[PDB]
Each structure stands twice: as structure tokens, then as C-alpha cells.
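We name chains A, B, ... by the order of the sequence lines, and we start the count at 1 in each one. We use all heavy atoms of the structure for the numbers below, so side chains are in, but hydrogens, waters and symmetry mates are not.
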Amino acid sequence: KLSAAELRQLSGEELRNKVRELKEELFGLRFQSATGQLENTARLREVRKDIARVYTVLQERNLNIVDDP
RNA sequence: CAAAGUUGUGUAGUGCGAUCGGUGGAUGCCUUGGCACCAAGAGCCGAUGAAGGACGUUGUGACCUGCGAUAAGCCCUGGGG
Ligand SMILES: [Mg+2]
């Protein structure tokens, strides 16, 4: 899974929790990469892409491009 | 055999020719680059912060191109497969 437009079915607070969880996962991945672990390197970019998606949804809600749930 | 006389000279090197190579990158044939134009556009950008940059950004060392900590990319829409 890589997240998609179903993030628009979530609420603001749980989307922000999603942001925090994604940031923590990226932190762990970066530490693994530094320490020599993390064979799965593509996730290291996909997590940042997911953060971008969640910020996209939040900003469209904030700017009223899409009606806020 | 002696006497008198004649002629000859490449083991150092060199010249010329032929031949076989080396160096060199001319020539010929090209080209992801230029040059001069034609036709149609567009003729402004900027405090909603420009022109141009610095630094950063990739699974990984650099540089170029793109991008800006949402960082060779995020979303919507249409096309295409
Ligand atoms: Mg003209």
C-alpha cells in the first residue's frame, strides 16, 4: 500500500496523526539506512511521497478546494 | 724468390633509393552544434515577492537537467496506453 485519494475520507486530526506516524516511520528508515539495514530502499522514498499526499489533502481542505468533512 | 709498377678498400660512420614500421592527426565521409531566414504566435515579469542565484534534494559518489525539507517530485482534470 502507498496511500491514495481515500485519505480524503479521513478527518483532520487523524490525517495529522497519519503525518506524525509517517514521519516516525521515515525516521526509523533513515536510521536503518545509516546503520546498514533497510534492504527495502524504495519505501524510503514512498514514505516521503505519502507525507506529500497527506499535506496535499490537508492543504486542499484548508484552502477549500475540497469541502472539509 | 727479390725488384719495379698497377689496381683494390665501410669493421667508425654517412648519402641516395627501395621496403617495412613508429609518431603525428591532415584528408575524405559524417554530426545530438551552429549560421541566415520564412510563416504563425507571444510581446512583458515583480511585494501573491521577479530576473538571476546560493544551498539542498536520488537506494548510491559527483556533475548536468528538474525540483524545494510535500525537494528527478504531490493532487485534480483530459488524453494515452
Ligand atoms: Mg514575426
Participant: Rounded to whole angstrom, note down the P distance from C75(B) over to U70(B).
Facilitator: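 Looking at atom P only, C75(B) and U70(B) are 15 Å apart.
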
Participant: Pull up the glycosidic torsion of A62(B) and say syn or anti, syn being anything within 90° of 0.
Facilitator: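 The base of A62(B) is oriented anti (glycosidic angle more than 90° from 0).
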
Participant: Around atom CG of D68(A), are there more than 12 heavy atoms from other residues, nucleotides or ligands closer than 6.0 Å?
Facilitator: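 Above 12, so yes.
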
Participant: With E25(A) as reference, evaluate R43(A), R30(A), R20(A) under the salt bridge (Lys or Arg N to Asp or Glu O under 4.0 Å) test and give the passing residue.
Facilitator: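 Answer to the salt bridge (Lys or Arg N to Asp or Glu O under 4.0 Å) test with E25(A) among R43(A), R30(A), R20(A): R43(A).
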
Participant: A quick test of your reading: do over 12 heavy atoms of other residues, nucleotides or ligands sit less than 6.0 Å from CD of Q37(A)?
Facilitator: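 Counting neighbours around CD of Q37(A), more than 12 heavy atoms of other residues, nucleotides or ligands fall under 6.0 Å, so yes.
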
Participant: Could you tell me whether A50(B) is syn or anti, where syn means a glycosidic angle within 90 degrees of zero?
Facilitator: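 What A50(B) shows is an anti base, its glycosidic angle lying more than 90° from 0.
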
Participant: Could you give the CZ-to-P distance, from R30(A) to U58(B), as a whole number of Å?
Facilitator: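 Result: 10 Å.
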
Participant: Tell me every residue that passes salt bridge (charged side-chain N to carboxylate O under 4.0 Å, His left out) with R8(A), counting only those two or more places apart in sequence or in another chain.
Facilitator: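 Residues passing salt bridge (charged side-chain N to carboxylate O under 4.0 Å, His left out) with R8(A): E60(A).
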
Participant: Between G25(B) and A39(B), how far apart are the two P atoms, rounded to whole Å?
Facilitator: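 Looking at atom P only, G25(B) and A39(B) are 47 Å apart.
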
Participant: What distance do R16(A) atom CZ and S11(A) atom OG have between them, rounded to the nearest 0.5 Å?
Facilitator: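 The distance works out to 8.0 Å.
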
Participant: Take atom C1' in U57(B) and the same atom in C64(B), then report the distance between them in whole Å.
Facilitator: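 15 Å, rounded to whole Å.
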
Participant: With rounding to the nearest 0.5 angstrom, report the CZ to CG distance, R48(A) to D50(A).
Facilitator: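 One finds 11.0 Å between CZ of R48(A) and CG of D50(A).
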
Participant: Based on the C1'-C2'-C3'-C4' dihedral, does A18(B) have a north or a south sugar?
Facilitator: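 Here the sugar adopts a north pucker, which is what a positive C1'-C2'-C3'-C4' value indicates.
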
Participant: Give the B/S/- string for nucleotides 69-81 of chain B, one per nucleotide from 5' to 3', where a protein heavy atom under 4.0 Å of the base yields B, of only the sugar-phosphate yields S, and otherwise -.
Facilitator: -BSSSBSS-----

Participant: Is the shortest distance from a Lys or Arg side-chain nitrogen in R53(A) or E6(A) to a carboxylate oxygen in the other one below 4.0 Å?
Facilitator: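 No salt bridge links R53(A) with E6(A).
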
Participant: Hey, would you call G10(B) and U11(B) stacked, ring centres under 5.5 angstrom, planes off by under 30 degrees?
Facilitator: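 No, six-membered rings of the two bases do not stack.
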
Participant: Which way is the base of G73(B) turned, syn or anti, if we draw the line at 90° from 0?
Facilitator: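 For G73(B), whose glycosidic angle is more than 90° from 0, the conformation is anti.
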
Participant: Given Watson-Crick or G-U pairs with both distances under 3.5 Å, what dot-bracket string fits RNA chain B, with | for other-strand pairs and [ ] for crossing?
Facilitator: ......................................................(((........))).............

Participant: Measure the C1'-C2'-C3'-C4' torsion in the sugar of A72(B), then label it north if positive and south if negative.
Facilitator: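 The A72(B) sugar sits on the south side, the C2'-endo region.
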
Participant: Kindly state whether the bases of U27(B) and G28(B) qualify as stacked, with ring centres closer than 5.5 Å and planes tilted less than 30 degrees?
Facilitator: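 Base stacking for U27(B) and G28(B): confirmed.
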
Participant: Would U60(B) and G61(B) be classed as stacked, given the thresholds of under 5.5 Å between six-membered ring centres and under 30° between planes?
Facilitator: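 Pair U60(B), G61(B) comes out not stacked.
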
Participant: Could you list the cluster mates of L44(A)? Members are the ILVMFWY residues connected by side-chain heavy atoms closer than 4.5 Å, either directly or through other members.
Facilitator: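 Direct or chained contacts put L44(A) with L7(A), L10(A), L15(A), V19(A), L22(A), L26(A), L29(A), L38(A), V47(A), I51(A), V54(A), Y55(A), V57(A), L58(A).
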
Participant: Give me the distance, rounded to whole Å, that separates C55(B) from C63(B) when you measure between the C1' atoms they each carry.
Facilitator: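 Straight-line distance between the two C1' atoms is 16 Å.
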
Participant: How would the sugar of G78(B) be described, north or south, if a positive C1'-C2'-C3'-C4' means north and a negative one means south?
Facilitator: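 On the sign test, where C1'-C2'-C3'-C4' is positive, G78(B) is classed north.
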
Participant: Write down the distance separating the P atoms in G59(B) and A71(B), rounded off to the nearest Å.
Facilitator: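 Pairwise P distance, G59(B) against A71(B), rounds to 11 Å.
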
Participant: I'd like the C1' distance from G34(B) over to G28(B), given in whole Å.
Facilitator: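 Rounded to whole Å, the distance is 22 Å.
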
Participant: For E13(A), which residues count as a side chain to side chain donor-acceptor pair (under 3.5 Å) partner, sequence neighbours excluded?
Facilitator: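 If we apply the side chain to side chain donor-acceptor pair (under 3.5 Å) test to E13(A), skipping adjacent residues, the hits are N17(A).
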
Participant: To the nearest 0.5 Å, what is the distance between CD (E46(A)) and OG (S3(A))?
Facilitator: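 Result: 9.5 Å between the selected atoms.
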
Participant: Between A72(B) and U58(B), how far is it from one P atom to the other, in whole Å?
Facilitator: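 So the two P atoms sit 7 Å from each other.
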
Participant: Tell me every residue that passes salt bridge (charged side-chain N to carboxylate O under 4.0 Å, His left out) with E21(A), counting only those two or more places apart in sequence or in another chain.
Facilitator: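 In terms of salt bridge (charged side-chain N to carboxylate O under 4.0 Å, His left out), with neighbours along the sequence ignored, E21(A) is linked to no residue.
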
Participant: Should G25(B) be tagged north or south? The rule is the sign of the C1'-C2'-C3'-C4' torsion.
Facilitator: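 South.
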
Participant: Need the pucker for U23(B). North if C1'-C2'-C3'-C4' is positive, south if negative.
Facilitator: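 North pucker for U23(B); the sign of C1'-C2'-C3'-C4' is positive.
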
Participant: Work out how far the P atom of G49(B) is from that of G68(B), and round it to whole angstrom.
Facilitator: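 To the nearest whole Å, 13 Å.
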
Participant: As a test of the definition: with a 90° window around 0 for syn, would you call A69(B) syn or anti?
Facilitator: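 It is syn.
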
